[PDB]
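*Asks:* What follows is a structure written as structure tokens; I'll ask about it next.
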Amino acid sequence: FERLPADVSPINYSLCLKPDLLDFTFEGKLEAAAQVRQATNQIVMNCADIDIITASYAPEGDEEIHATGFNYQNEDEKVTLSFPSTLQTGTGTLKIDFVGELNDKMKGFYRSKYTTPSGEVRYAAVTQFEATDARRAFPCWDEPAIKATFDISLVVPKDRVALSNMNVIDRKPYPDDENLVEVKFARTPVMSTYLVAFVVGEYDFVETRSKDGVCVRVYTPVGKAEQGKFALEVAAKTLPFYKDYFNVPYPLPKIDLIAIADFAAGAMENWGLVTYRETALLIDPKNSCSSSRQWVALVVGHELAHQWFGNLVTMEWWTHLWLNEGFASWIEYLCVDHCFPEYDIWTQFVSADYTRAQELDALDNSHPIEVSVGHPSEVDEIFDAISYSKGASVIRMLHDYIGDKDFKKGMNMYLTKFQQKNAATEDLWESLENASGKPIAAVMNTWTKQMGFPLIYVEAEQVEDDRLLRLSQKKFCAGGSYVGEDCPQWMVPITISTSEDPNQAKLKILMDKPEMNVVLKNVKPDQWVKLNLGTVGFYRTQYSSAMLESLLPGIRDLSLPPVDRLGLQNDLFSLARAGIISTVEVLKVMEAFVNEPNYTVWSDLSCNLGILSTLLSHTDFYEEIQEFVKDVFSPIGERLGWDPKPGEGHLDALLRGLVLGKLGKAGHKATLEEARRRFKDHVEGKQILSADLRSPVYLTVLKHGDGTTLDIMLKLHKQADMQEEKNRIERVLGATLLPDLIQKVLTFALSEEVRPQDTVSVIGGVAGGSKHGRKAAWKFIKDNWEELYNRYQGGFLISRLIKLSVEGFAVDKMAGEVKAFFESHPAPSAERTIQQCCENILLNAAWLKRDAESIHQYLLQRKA
Ligand SMILES: [Zn+2]
């Protein structure tokens with residue numbers, strides 16, 4: 001792959017598109033003011049799905065020279081326009097009229113099917129250019145570093161709204177068609193082609209004015225303007241936040257957020273015309289959830305952050321796309337936390353992007369964040385959950401290492417320097433290094449140019465009133481000690497806190513050595529020391545036995561902040577699974593979480609303990625681990641109770657469902673008895689139970705029930721009114737333990753009553769229900785493999801079916817059985833999932849064989 005010759009660079013695009021609705025085509029003429037930087041007889045542009053009618057180049061004050069040479073290259077999406085004579089150095093005007101198609105590929109200038117408040121089913125002209133789809137709406141230099149200005153004009157019917165990046169400056173009628181009106185927009189600033197936008201359709205709107213004076217609007221489908229009210233007030237507060245943080249005002253005169261029906265791309269940060277899907281922007285009071293208002297605040301703060309970082313300063317090439325998306329994925333939480341501190345959104349960030357990035361970065365076949373991108377198709381291949389989640393995580397670690405003071409100063413220097421220009425990743429490290437005086441380029445190279453993350457072991461020794469800390473780093477792997485003689489090293493900024501001040505840094509350091517000693521002044525032995533305050537650093541911490549015991553009071557009295565308790569527990573399970581520490585040592589810490597009130601902490605607690613419970617189901621003491629789980633969740637269960645208390649939040653309703661479901665599955669007698677009261681009153685029409693208590697009650701009564709309970713659930717599903725109620729049952733049907741009922745649920749999955757896209761959910765619940773239910777699910781998909789393979793081959797569902805079925809196995813002999821099955825019955829699209837699952841089975845197998853009897857003897861001694 002090679003970029004455009006750059007002998008002719010654009011200056012201003014004058015576009016006038018007439019979307020031909022019903023015919024699903026469009027015609028448009030382009031007057032592109034350009035500069036010939038080098039004498040050439042041909043101009044090379046990007047173009048796809050567009051046939052040029054005629055094209056001519058008119059130099060300044062001269063007659064136009066029509067192009068008599070066309071060359072369409074579809075594999076490279078580039079077209080060469082040859083001319084009889086050399087165009088020579090200077091400024092000219094390239095005039096190109098052409099015709100295009102409003103395709104159904106949800107890319108470029110395509111058609112978007114929407115339904116009126118009555119029906120009829122109409123289509124709209126919606127745009128989407130990122131990454132390289134602007135060449136499908138009009139021929140252009142479709143590269144982010146080839147910036148120019150845009151004059152957008154649209155010839156739309158009178159009964160349809162036409163929006164674009166800028167505001168409307170003229171609305172003159174169309175001469176050839178009285179039913180059409182040409183809408184001309186203002187001239188955009190210097191910007192990239194992939195950020196241009198224009199939409200034609202029928203939309204209602206709600207408007208407001210931000211404190212900066214910017215006109216804010218939220219465009220909704222016809223008849224849903226009230227649903228975009230919340231997104232409006234969030235966007236109205238988001239702009240002043242980024243204005244104060246960047247010390248740079250909003251670069252455009254207006255901001256528009258339009259909700260589109262079934263928008264495939266989800267959300268696009270088009271400069272001045274941010275597009276969303278209505279299921280992610282609007283809040284339907286009779287269909288939305290509880291945390292929906294939280295999800296809207298995040299998606300608004302993310303795309304509005306791109307209006308500065310991404311649109312005002314654009315990446316030089318797609319190699320730096322991780323930094324564009326990683327920064328926005330981090331600062332979106334900073335914006336929501338400032339406007340809504342009652343969310344404690346940083347605890348959910350650690351539970352989302354942070355932990356998911358550490359899972360992938362600790363396994364084989366990982367890759368560094370920044371990878372050189374040649375062809376723009378290589379993007380979709382080498383960027384995944386690693387480049388974005390770990391990308392946002394290293395930005396958070398960098399912000400804490402810099403400090404909010406110097407970080408704001410460096411970003412203001414960065415934006416003002418490269419405004420309406422392009423910059424690389426190294427340019428950002430320079431602007432931050434100038435404002436902070438810290439070696440940012442050197443530190444960030446260890447986190448971007450190599451894969452993996454370090455494990456920080458810390459040991460403590462009391463020296464007078466100070467405490468000496470001995471730190472060492474090594475590459476962390478989910479299997480254990482990293483086998484390899486390269487010995488990776490990281491420059492690790494580490495924030496340390498003590499019990500005297502658990503919410504602010506006791507000492508900030510930078511570990512640029514494999515081993516390093518640190519002295520914490522005035523630290524009494526009765527005080528605990530916590531590494532990685534706020535879990536801002538992208539690394540795992542292994543505490544010594546003495547240091548871990550010192551942290552136990554901090555967990556119990558909640559003095560350790562919730563984000564720190566979340567990261568501490570998550571590291572312990574990873575280290576125990578990797579064989580670095582014993583599982584018994586982790587189980588003793590679980591007893592200190594009995595006072596945990598935070599929902600996010602319990603969610604990760606329940607997830608980790610669920611992995612261990614299903615692992616220990618292969619042993620002869622599965623009753624002992626269930627009794628252990630009941631003791632951990634009993635106090636929080638009694639605190640929450642069964643009915644909502646006066647003045648609860650939305651997380652408290654979610655936390656009640658998680659705790660009660662955990663106790664119900666573990667056999668908690670008081671929970672099982674109450675769940676049967678609610679379930680028998682729900683099926684007899686005496687008092688329908690809440691939707692929050694519905695899933696835990698179903699799980700509890702079905703696991704401890706019989707064939708009568710299963711028939712009741714099947715009657716509740718075949719009679720279920722909506723689809724949502726059906727899915728809530730399909731996930732819990734696998735909780736039955738009786739073999740003949742398990743086979744009945746598996747056969748029910750492939751029946752006509754269950755839709756094929758939800759069949760994997762039913763079988764998934766069977767594999768996760770019990771040990772024999774997992775073996776029955778694995779045998780079920782082998783006997784019916786011909787039907788199941790024909791159903792979901794080449795799709796996402798076949799990888800999800802294999803994942804949910806075999807990941808629970810804890811026998812190393814079983815890992816060799818799933819590998820031998822897919823070598824005789826190939827599944828090509830799920831080749832990567834089989835390798836990850838086989839490595840996960842062997843990991844759980846070694847983990848199980850190493851710590852089985854140790855856990856057993858710990859549970860027996862603890863009970864006495
Ligand atoms: Zn983004």
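Identifiers in this document derive from the order of the structure tokens: chains are assigned A, B, ..., residues are numbered from 1 separately in each chain, and ligands are numbered from 1 in order of occurrence.
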Could you find all residues in segment 130-270 of chain A that DSSP calls alpha helix (DSSP H) from the backbone, and write them as a ChimeraX atom specification?
*Replies:* /A:229-246
*Asks:* Mind checking which residues fall within 12 Å of segment 69-81 of chain A, counting only C-alpha atoms, ignoring those fewer than 6 positions away in the same chain, and posting them as a count of residues only?
*Replies:* 42
*Asks:* Using only C-alpha atoms and all ligand atoms, find each protein or nucleic acid residue lying at most 8 Å from ligand 1; present the set as a list in words.
*Replies:*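 So the residues close to ligand 1 are residues 267, 268, 269, 302, 303, 306, 324, 325, 328 and 329 of chain A.
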*Asks:* Name all residues at most 8 Å from segment 654-663 of chain A (count only C-alpha atoms; drop same-chain ones fewer than 5 positions away) and give them as a list in words.
*Replies:* residues 599, 602, 603, 606, 629, 630, 633, 634, 636, 637, 640, 641, 642, 668, 671, 692, 693, 695, 696, 697, 699 and 700 of chain A
*Asks:* Any idea what's packed within 10 Å of segment 10-23 of chain A, counting only C-alpha atoms, ignoring anything in its chain fewer than 6 positions away? Could you give it as a ChimeraX atom specification?
*Replies:* /A:29-36,91-102,109-111,122-125,137-138,140-141,146-157,180-184,187-190,193,198-200
*Asks:* Neighbouring residues of residue 297 of chain A were defined as those with any atom within 8 Å, considering only C-alpha atoms; residues of the same chain fewer than 3 positions away were excluded. Please report them as a ChimeraX atom specification.
*Replies:* /A:231,234,293-294,300-301,336
*Asks:* Of the residues A:749, A:845, A:411, A:232, which is the one nearest to residue 309 of chain A, using only C-alpha atoms?
*Replies:*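 The shortest atom-to-atom distance to residue 309 of chain A comes from A:411.
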*Asks:* Rounded to one decimal in Å, what is the spacing between atom CA of residue 208 of chain A and atom CA of residue 276 of chain A?
*Replies:* 18.7 Å
